[PDB]
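First, one chain by itself: the form deposited in one PDB entry, in structure tokens.
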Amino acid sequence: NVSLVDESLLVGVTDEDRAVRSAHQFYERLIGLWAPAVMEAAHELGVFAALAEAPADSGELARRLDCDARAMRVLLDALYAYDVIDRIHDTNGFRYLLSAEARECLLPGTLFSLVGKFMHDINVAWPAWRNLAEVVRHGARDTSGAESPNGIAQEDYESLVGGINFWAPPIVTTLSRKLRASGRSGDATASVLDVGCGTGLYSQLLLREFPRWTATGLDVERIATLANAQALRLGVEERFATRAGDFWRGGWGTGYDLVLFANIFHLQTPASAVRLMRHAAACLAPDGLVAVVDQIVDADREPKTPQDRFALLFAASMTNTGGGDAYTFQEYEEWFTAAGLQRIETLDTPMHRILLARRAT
């Protein structure tokens, strides 16, 4: 399906055979470089927007985009080989197009658009990844020698946050099922705090699921603007508010039934993480919950499941961009304890775990 090596043709177990087999497997990993390069170049050239507007043969698309015809065929067939675009082959030749699901992912301004991820890679991640050895040499450390938090800046998040909206629906449906099995129902009011809310999608999907709930997102000015616009598109604006500014300044509020941290703790240092956890505990209502949605692994750091394997890789993505980590269950439990909280649930999602915690006293 995805394989680039016909492994059925790598046979034997002599030392030579095993070395050759490993070399092919390592080469296949190395050529994983090619997929973001192809996809991100296609984005830069306007390929996806053009295919959505009108399906096209490769020569026609090259003319429309002022590109070389042969190179465009090569690029389009590579995108088809990655299952990113569709292609019809009949007696008239080839026509390239987007499926509805691909359109949602590849065009700007849709709910699940990956354009912000493409742009994050182009502008931030790809130059950093080429310098990874330097950061490993020197450490993700500040001028005083202390661990630094992750370095992705608010202006970079303006793109990236929309590009990670796709994570939210599986996470929110898993969380919502558990909250309903926890006696939290529709028709009862509750207040949510979404710390570092990004576009606000996690909050906004909760608002759709729980029609009497309200939610408040904390994020920086320009991100809060994005989040309010998205709430309006989703029809939950009357129950979604933002509180713009650096969340380290406080002004979070109190009485929250749910405090959500999605994709926040991996940005922290241990010192900043424990502070955030204590802040969260202080704003909880009686019977409130903290939900951490993150790349979380056991201290053994064994890649036993896809979520564990992704967490170990995500830690490298954090180091690449200046700090943070994929923290361990044991670390979260330490932070919970320090904040007077106790972990009560762990739920798996496609690429994350949800940890739920509540006040012990």
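Shifts are known only where both forms have a C-alpha. Throughout, rigid core stands for the largest set of C-alpha atoms superposing within 1.5 Å between the two forms. In this text, residue numbers run from 1 along the sequence as written.
Just so you know, the form deposited in another entry exists too; it's not on screen, but the next bit is about it.
*Asks:* Pick from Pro169, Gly139, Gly250, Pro270: whose Cα moves by 2 Å or more between the shown form and the other one, rigid core superposed?
*Replies:* Comparing the C-alpha positions, the one residue that moves 2 Å or more is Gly250.
*Asks:* Could you check whether the CA atom of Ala285 moves 2 Å or more between the shown form and the other one, using the rigid core for the fit?
*Replies:* After core superposition, the displacement of the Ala285 C-alpha between the shown form and the other one stays below 2 Å, so no.
*Asks:* For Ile88, is the CA shift between the shown form and the other one at least 2 Å following rigid-core superposition?
*Replies:* After core superposition, the C-alpha of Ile88 moves 2 Å or more between the shown form and the other one.
*Asks:* Answer with closer or farther for the CA-CA spacing of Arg278 and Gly251 in that other deposited form compared to the shown form; it moves by 3 Å or more.
*Replies:* Closer: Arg278 and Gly251 approach by 3 Å or more in that other deposited form.
*Asks:* So which segments really shift between the shown form and the other one, if a segment has to be 3 or more residues long and each C-alpha must move 2 Å or more after the rigid core fit?
*Replies:* Runs moving 2 Å or more: 88-91, 248-251.
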